[PDB]
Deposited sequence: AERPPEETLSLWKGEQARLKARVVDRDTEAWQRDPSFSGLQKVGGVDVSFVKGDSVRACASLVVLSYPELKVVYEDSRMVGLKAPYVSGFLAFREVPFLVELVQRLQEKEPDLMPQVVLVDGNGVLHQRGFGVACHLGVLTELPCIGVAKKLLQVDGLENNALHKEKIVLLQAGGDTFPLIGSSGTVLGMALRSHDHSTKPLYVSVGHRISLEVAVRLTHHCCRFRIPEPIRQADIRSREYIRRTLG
């Protein structure tokens, strides 16, 4: 528990709505319209791991399409805010932004052309999830990838939703997450043939949904897309090393 008081959450909603105006949810890069993403060379992944305050934020850059790690920054940080659903960015985003800036100063040539974020983008209680939030503050193209369904605007992990997951039969299969507004907030994606629990993909910034879904699918060796998976693995391994 130890949730922030309502007055703090209310300020945070205001900041989310203001920055939401800067979200670009269409494609803005030439590689995004290419059938094989020709010209996409560098994909980023971000994640924060915790000690069972002390955390480890990690940014990786992977080559495309080989998905090999060409840059890694794993940093020990002291997080301030607690996890509250719908306010993830207020916990993780200042440190992720700080990693991007560190990359710009150390290997600016490895700046990623797109970033996969461990959390939703517009599939979010106010249409402005951590993936949008990182995208607006860095102006990088960002994809939101979530591991379970954020239940917003009528979306629910109920029987009907579970029935659709049964229709996902092969790697790459999708179905749209249709809000009560008639808006398509994201896609359920089956990562590969040997996984049944879908990923929940939504636009972060400067990318379209169908391109974000197709790209996430291409990063999936395992259920978790390789940029996120490598940041998660390396950040947790970094904690273990400086034993905790």
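Visitor: Counting from residue 1 of the deposited sequence, where are the gaps with no C-alpha coordinates?
Guide: Counting from residue 1, the one stretch without coordinates is 53-55.
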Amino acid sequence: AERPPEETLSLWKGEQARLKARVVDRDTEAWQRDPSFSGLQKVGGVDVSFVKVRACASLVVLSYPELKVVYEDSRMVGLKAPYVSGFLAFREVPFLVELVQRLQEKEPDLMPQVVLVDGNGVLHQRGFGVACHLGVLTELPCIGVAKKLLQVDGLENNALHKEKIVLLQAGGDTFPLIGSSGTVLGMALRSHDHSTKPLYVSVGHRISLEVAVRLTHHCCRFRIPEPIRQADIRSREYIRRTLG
From here on, numbers count along this sequence of modelled residues.
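Between two forms, the rigid core is the largest collection of C-alphas that superpose within 1.5 Å.
Visitor: Once the rigid core is matched, which of the two stretches, 217-225 or 7-15, lies farther off on average in 7 other deposited structures of this protein by C-alpha?
Guide: Output: 7-15, the stretch lying farther off on average in 7 other deposited structures of this protein.
Visitor: Per the record, averaged over C-alpha atoms, which has the higher B-factor: 53-61 or 203-211?
Guide: Comparing 203-211 with 53-61, the higher average CA B-factor belongs to 53-61.
Visitor: If you average the CA temperature factors over each stretch, which comes out higher, 78-86 or 122-130?
Guide: Here the higher of the two C-alpha B-factor means belongs to 78-86.
Visitor: Among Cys142, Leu96, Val166, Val145, which residue carries the highest C-alpha B-factor recorded in the PDB entry?
Guide: That would be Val166.
Visitor: Ranking the modelled residues of this chain by C-alpha B-factor as given in the entry, is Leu137 in the lowest, middle or highest third?
Guide: Middle third by C-alpha B-factor.
Visitor: Sorting the chain's modelled residues by C-alpha B-factor, tell me whether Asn158 ends up in the lowest, middle or highest third.
Guide: Ranked within chain, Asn158 CA B lands in the highest tercile.
Visitor: Place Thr174 in the lowest, middle or highest third of its chain's C-alpha B-factors, as listed in the PDB entry.
Guide: It falls in the middle third of the chain.
Visitor: Please place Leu11 in the lowest, middle or highest third of its chain according to the CA B-factor in the PDB entry.
Guide: Within its chain, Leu11 is a middle-third residue by C-alpha B-factor, going by the deposited values.
Visitor: Select lowest, middle or highest to describe the third in which the CA B-factor of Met187 falls within its chain in this entry.
Guide: Its C-alpha B-factor belongs to the lowest third of this chain's values.
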